[PDB]
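Engineer: Dropping in final-v1.cif, which is mmCIF, C-alpha atoms:
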data_upload
loop_
_atom_site.group_PDB
_atom_site.id
_atom_site.type_symbol
_atom_site.label_atom_id
_atom_site.label_comp_id
_atom_site.auth_asym_id
_atom_site.auth_seq_id
_atom_site.Cartn_x
_atom_site.Cartn_y
_atom_site.Cartn_z
ATOM 1 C CA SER A 68 0.000 0.000 0.000
ATOM 2 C CA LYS A 69 0.923 3.682 -0.413
ATOM 3 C CA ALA A 70 1.064 4.026 3.386
ATOM 4 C CA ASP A 71 4.059 1.671 3.641
ATOM 5 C CA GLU A 72 6.014 3.234 0.753
ATOM 6 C CA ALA A 73 5.565 6.674 2.333
ATOM 7 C CA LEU A 74 7.385 5.364 5.394
ATOM 8 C CA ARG A 75 10.214 4.054 3.218
ATOM 9 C CA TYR A 76 10.765 7.335 1.336
ATOM 10 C CA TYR A 77 10.949 9.131 4.669
ATOM 11 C CA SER A 78 13.257 6.454 6.022
ATOM 12 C CA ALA A 79 15.534 6.368 2.959
ATOM 13 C CA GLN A 80 15.968 10.139 2.402
ATOM 14 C CA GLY A 81 12.866 12.277 3.122
ATOM 15 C CA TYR A 82 13.538 12.619 6.861
ATOM 16 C CA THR A 83 15.855 15.669 7.006
ATOM 17 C CA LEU A 84 13.355 17.528 4.803
ATOM 18 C CA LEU A 85 10.279 16.483 6.762
ATOM 19 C CA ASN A 86 11.705 16.691 10.287
ATOM 20 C CA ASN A 87 13.020 20.222 9.688
ATOM 21 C CA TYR A 88 9.610 21.258 8.398
ATOM 22 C CA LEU A 89 7.932 19.696 11.456
ATOM 23 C CA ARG A 90 10.352 21.173 14.014
ATOM 24 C CA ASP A 91 9.921 24.473 12.123
ATOM 25 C CA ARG A 92 13.691 24.723 11.704
ATOM 26 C CA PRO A 93 15.059 26.242 8.438
ATOM 27 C CA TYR A 94 14.764 24.088 5.274
ATOM 28 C CA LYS A 95 14.926 24.153 1.448
ATOM 29 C CA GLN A 96 11.345 25.186 0.562
ATOM 30 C CA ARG A 97 11.902 24.140 -3.055
ATOM 31 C CA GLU A 98 12.929 20.525 -2.323
ATOM 32 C CA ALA A 99 9.769 19.946 -0.260
ATOM 33 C CA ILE A 100 7.567 21.237 -3.073
ATOM 34 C CA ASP A 101 9.471 19.082 -5.584
ATOM 35 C CA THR A 102 8.924 16.116 -3.261
ATOM 36 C CA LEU A 103 5.171 16.718 -2.988
ATOM 37 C CA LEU A 104 4.835 16.860 -6.771
ATOM 38 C CA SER A 105 7.228 13.917 -7.077
ATOM 39 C CA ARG A 106 4.957 11.889 -4.805
ATOM 40 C CA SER A 107 1.686 13.139 -6.311
ATOM 41 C CA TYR A 108 0.471 14.937 -3.171
ATOM 42 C CA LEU A 109 0.079 18.013 -5.357
ATOM 43 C CA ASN A 110 -0.845 17.827 -9.036
ATOM 44 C CA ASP A 111 0.375 21.335 -9.841
ATOM 45 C CA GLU A 112 2.503 24.128 -8.322
ATOM 46 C CA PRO A 113 0.953 25.336 -5.023
ATOM 47 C CA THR A 114 -0.980 28.598 -5.560
ATOM 48 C CA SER A 115 -1.125 29.342 -1.809
ATOM 49 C CA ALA A 116 0.471 28.681 1.581
ATOM 50 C CA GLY A 117 -2.638 26.693 2.543
ATOM 51 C CA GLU A 118 -2.155 24.208 -0.311
ATOM 52 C CA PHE A 119 1.475 23.544 0.619
ATOM 53 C CA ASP A 120 0.839 22.766 4.301
ATOM 54 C CA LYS A 121 -2.327 20.774 3.597
ATOM 55 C CA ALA A 122 -0.333 18.571 1.229
ATOM 56 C CA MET A 123 2.657 18.425 3.615
ATOM 57 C CA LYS A 124 0.354 17.204 6.412
ATOM 58 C CA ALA A 125 -1.218 14.565 4.146
ATOM 59 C CA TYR A 126 2.339 13.352 3.525
ATOM 60 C CA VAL A 127 3.116 13.214 7.248
ATOM 61 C CA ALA A 128 -0.151 11.289 7.741
ATOM 62 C CA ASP A 129 0.981 8.637 5.252
ATOM 63 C CA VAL A 130 4.276 8.139 7.081
ATOM 64 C CA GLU A 131 2.432 7.933 10.407
ATOM 65 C CA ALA A 132 -0.200 5.442 9.249
ATOM 66 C CA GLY A 133 2.715 3.644 7.586
ATOM 67 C CA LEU A 134 4.605 3.522 10.895
ATOM 68 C CA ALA A 135 1.403 2.503 12.717
ATOM 69 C CA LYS A 136 0.831 -0.517 10.418
ATOM 70 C CA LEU A 137 4.004 -2.151 11.813
ATOM 71 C CA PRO A 138 4.088 -4.747 14.641
ATOM 72 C CA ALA A 139 4.746 -3.527 18.181
ATOM 73 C CA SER A 140 7.659 -4.993 20.132
ATOM 74 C CA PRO A 141 6.630 -4.874 23.828
ATOM 75 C CA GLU A 142 9.786 -6.751 24.832
ATOM 76 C CA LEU A 143 11.704 -3.462 24.594
ATOM 77 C CA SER A 144 11.740 -1.235 27.661
ATOM 78 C CA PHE A 145 14.574 1.220 27.042
ATOM 79 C CA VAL A 146 15.741 3.030 23.905
ATOM 80 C CA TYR A 147 18.550 5.523 23.391
ATOM 81 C CA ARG A 148 19.256 8.704 21.439
ATOM 82 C CA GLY A 149 22.353 10.899 21.245
ATOM 83 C CA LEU A 150 21.680 14.635 21.250
ATOM 84 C CA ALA A 151 23.649 17.808 20.537
ATOM 85 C CA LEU A 152 22.045 20.087 23.156
ATOM 86 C CA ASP A 153 24.994 22.389 23.888
ATOM 87 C CA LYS A 154 24.682 24.256 20.550
ATOM 88 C CA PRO A 155 23.750 27.951 21.212
ATOM 89 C CA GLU A 156 20.637 28.017 18.972
ATOM 90 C CA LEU A 157 19.100 25.082 20.856
ATOM 91 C CA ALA A 158 19.478 26.586 24.360
ATOM 92 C CA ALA A 159 15.671 26.905 24.257
ATOM 93 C CA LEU A 160 15.354 23.100 24.107
ATOM 94 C CA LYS A 161 18.322 22.519 26.426
ATOM 95 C CA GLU A 162 16.568 24.519 29.164
ATOM 96 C CA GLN A 163 13.443 22.356 28.843
ATOM 97 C CA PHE A 164 15.387 19.082 28.637
ATOM 98 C CA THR A 165 17.297 19.791 31.865
ATOM 99 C CA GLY A 166 14.250 20.719 33.984
ATOM 100 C CA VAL A 167 13.100 17.734 36.031
ATOM 101 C CA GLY A 168 9.424 17.100 35.353
ATOM 102 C CA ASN A 169 9.415 19.252 32.214
ATOM 103 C CA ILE A 170 7.430 17.935 29.292
ATOM 104 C CA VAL A 171 9.180 17.913 25.911
ATOM 105 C CA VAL A 172 7.139 17.424 22.729
ATOM 106 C CA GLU A 173 9.007 16.120 19.678
ATOM 107 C CA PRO A 174 6.936 17.440 16.721
ATOM 108 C CA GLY A 175 8.783 15.306 14.172
ATOM 109 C CA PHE A 176 9.490 11.590 14.141
ATOM 110 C CA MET A 177 11.839 10.740 16.974
ATOM 111 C CA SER A 178 14.712 8.496 15.929
ATOM 112 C CA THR A 179 16.019 6.130 18.617
ATOM 113 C CA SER A 180 17.874 2.838 18.982
ATOM 114 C CA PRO A 181 17.339 -0.138 21.302
ATOM 115 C CA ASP A 182 20.945 -1.273 20.783
ATOM 116 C CA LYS A 183 23.032 1.834 21.513
ATOM 117 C CA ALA A 184 23.352 5.618 21.250
ATOM 118 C CA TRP A 185 25.686 7.671 19.053
ATOM 119 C CA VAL A 186 28.056 9.595 21.345
ATOM 120 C CA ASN A 187 27.218 13.289 21.851
ATOM 121 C CA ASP A 188 26.933 15.928 24.613
ATOM 122 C CA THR A 189 23.606 14.436 25.728
ATOM 123 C CA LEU A 190 22.425 10.824 26.011
ATOM 124 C CA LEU A 191 18.773 9.898 26.489
ATOM 125 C CA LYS A 192 17.883 6.728 28.355
ATOM 126 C CA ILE A 193 14.268 6.569 27.248
ATOM 127 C CA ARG A 194 11.737 4.640 29.350
ATOM 128 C CA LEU A 195 8.936 2.965 27.419
ATOM 129 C CA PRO A 196 5.303 2.532 28.583
ATOM 130 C CA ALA A 197 2.898 -0.222 27.511
ATOM 131 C CA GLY A 198 1.322 0.244 24.061
ATOM 132 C CA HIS A 199 3.547 3.118 22.893
ATOM 133 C CA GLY A 200 3.588 4.344 19.276
ATOM 134 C CA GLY A 201 7.287 3.634 18.713
ATOM 135 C CA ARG A 202 8.172 0.994 16.145
ATOM 136 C CA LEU A 203 11.251 -1.002 15.217
ATOM 137 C CA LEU A 204 12.074 -0.308 11.565
ATOM 138 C CA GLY A 205 14.387 -3.138 10.416
ATOM 139 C CA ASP A 206 13.391 -3.631 6.762
ATOM 140 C CA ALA A 207 11.761 -0.205 6.290
ATOM 141 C CA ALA A 214 18.554 -1.261 14.272
ATOM 142 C CA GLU A 215 16.247 1.763 14.601
ATOM 143 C CA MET A 216 13.022 2.576 16.441
ATOM 144 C CA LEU A 217 11.015 5.537 15.172
ATOM 145 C CA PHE A 218 8.230 7.457 16.916
ATOM 146 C CA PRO A 219 5.119 9.118 15.410
ATOM 147 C CA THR A 220 4.753 12.906 15.267
ATOM 148 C CA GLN A 221 4.465 14.719 18.588
ATOM 149 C CA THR A 222 5.314 12.015 21.076
ATOM 150 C CA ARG A 223 5.444 13.294 24.661
ATOM 151 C CA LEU A 224 8.551 13.144 26.849
ATOM 152 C CA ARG A 225 8.814 13.608 30.608
ATOM 153 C CA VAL A 226 12.157 14.490 32.158
ATOM 154 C CA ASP A 227 12.675 12.041 35.023
ATOM 155 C CA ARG A 228 16.334 12.560 35.910
ATOM 156 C CA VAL A 229 19.196 14.795 34.726
ATOM 157 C CA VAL A 230 22.760 13.723 35.511
ATOM 158 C CA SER A 231 25.691 16.040 34.880
ATOM 159 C CA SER A 232 29.311 14.818 34.848
ATOM 160 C CA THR A 233 29.948 16.526 38.201
ATOM 161 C CA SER A 234 27.648 14.352 40.376
ATOM 162 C CA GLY A 235 28.831 10.802 41.096
ATOM 163 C CA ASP A 236 25.643 9.310 39.615
ATOM 164 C CA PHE A 237 27.220 9.792 36.158
ATOM 165 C CA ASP A 238 29.403 6.669 35.959
ATOM 166 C CA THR A 239 26.926 4.076 37.284
ATOM 167 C CA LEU A 240 24.175 5.179 34.869
ATOM 168 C CA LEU A 241 26.443 5.682 31.846
ATOM 169 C CA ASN A 242 27.410 2.007 31.588
ATOM 170 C CA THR A 243 23.737 0.993 31.322
ATOM 171 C CA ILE A 244 23.840 2.923 28.026
ATOM 172 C CA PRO A 245 25.812 1.327 25.144
ATOM 173 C CA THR A 246 27.860 3.958 23.270
ATOM 174 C CA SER A 247 30.306 3.937 20.310
ATOM 175 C CA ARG A 256 32.745 14.644 25.441
ATOM 176 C CA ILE A 257 29.460 13.547 27.086
ATOM 177 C CA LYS A 258 28.335 16.514 29.198
ATOM 178 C CA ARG A 259 24.890 15.347 30.371
ATOM 179 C CA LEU A 260 22.997 12.072 30.733
ATOM 180 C CA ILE A 261 19.211 12.490 30.680
ATOM 181 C CA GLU A 262 16.768 9.771 31.758
ATOM 182 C CA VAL A 263 13.365 10.377 30.167
ATOM 183 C CA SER A 264 9.983 8.627 30.036
ATOM 184 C CA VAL A 265 7.683 8.483 27.009
ATOM 185 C CA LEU A 266 4.166 9.455 27.991
#
Can I see the file as structure tokens?

Structural biologist:
Amino acid sequence: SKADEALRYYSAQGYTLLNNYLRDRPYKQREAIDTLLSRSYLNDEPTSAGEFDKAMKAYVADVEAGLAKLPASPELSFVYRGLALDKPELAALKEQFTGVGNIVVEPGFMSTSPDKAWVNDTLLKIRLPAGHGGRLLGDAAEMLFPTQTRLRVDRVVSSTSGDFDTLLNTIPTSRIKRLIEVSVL
């Protein structure tokens, strides 16, 4: 079905385009339009801003329903994601991510891994509740999450406090300033 192939295009290359659009970070407005026409979401050049977003959302929807159609893996309990929080432009996110009890909403599709986390300034040990939206990709290791999944900040460990070492080694890796334990709501 079209739903499944939408997930694959996103997975193979469309992600940087789509995620940037969804996080409302800067992106190449042309490429996205070319993509929509390429994938028959729009039949002709968009005459308005309304047309563009409508189409763009319909595209997101197809990836989501595509990601939903997969089988859940309730054996998994923890997943991990490396994060570059210390960059000056992202200090808005950094402030939210460090606050214990703060809710963080990832508007795009959250990329994670059950196996390890790519080394950065921030590592996320992500707790997983029963019946979550996150799916293992495999053929499409990587677990991806549908648009606007909710995160609760449970615990923030800086390199100063002794808690750093004992928690770190429960996170497979491959400069790390902060370890952040977070639950998916």

Engineer: Counting only C-alpha atoms, figure out which residue out of A:166, A:155, A:113, A:200 gets nearest to residue 139 (chain A).

Structural biologist: A:200

Engineer: Identify, on the basis of only C-alpha atoms, every residue whose closest approach to residue 127 (chain A) does not exceed 9 Å; exclude the query and any residue fewer than 3 positions from it along the same chain; express the result as a list in words.

Structural biologist: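 My list of contacting residues is residues 73, 85, 122, 123, 124, 130, 131, 132 and 220 of chain A.
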
Engineer: Once you have the residues from the selection above, write them out as a PDB file, keeping the file's coordinate frame, restricted to C-alpha atoms.

Structural biologist:
ATOM      1  CA  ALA A  73       5.565   6.674   2.333  1.00  0.00           C
ATOM      2  CA  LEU A  85      10.279  16.483   6.762  1.00  0.00           C
ATOM      3  CA  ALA A 122      -0.333  18.571   1.229  1.00  0.00           C
ATOM      4  CA  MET A 123       2.657  18.425   3.615  1.00  0.00           C
ATOM      5  CA  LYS A 124       0.354  17.204   6.412  1.00  0.00           C
ATOM      6  CA  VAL A 130       4.276   8.139   7.081  1.00  0.00           C
ATOM      7  CA  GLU A 131       2.432   7.933  10.407  1.00  0.00           C
ATOM      8  CA  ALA A 132      -0.200   5.442   9.249  1.00  0.00           C
ATOM      9  CA  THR A 220       4.753  12.906  15.267  1.00  0.00           C
TER      10      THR A 220
END

Engineer: Which is closest to residue 175 (chain A) among A:217, A:193, A:99, A:158, if we use all atoms listed in the file?

Structural biologist: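 Of the candidates, the smallest distance to residue 175 (chain A) is held by A:217.
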
Engineer: Quick one, how far is CA of residue 246 (chain A) from CA of residue 140 (chain A)?

Structural biologist: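 CA of residue 140 (chain A) lies at a distance of 22.3 Å from CA of residue 246 (chain A).
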
Engineer: Within 10 Å of (10.1, 12.7, 2.5), only C-alpha atoms: residues as an NGL selection string?

Structural biologist: :A and (73-86 or 98-99 or 102-103 or 106 or 123 or 126-127 or 130)

Engineer: Taking the file as shown, find all residues satisfying the PyMOL selection byres ((chain A and resi 172) around 9) and write them as a ChimeraX atom specification.

Structural biologist: /A:170-171,173-175,221-225
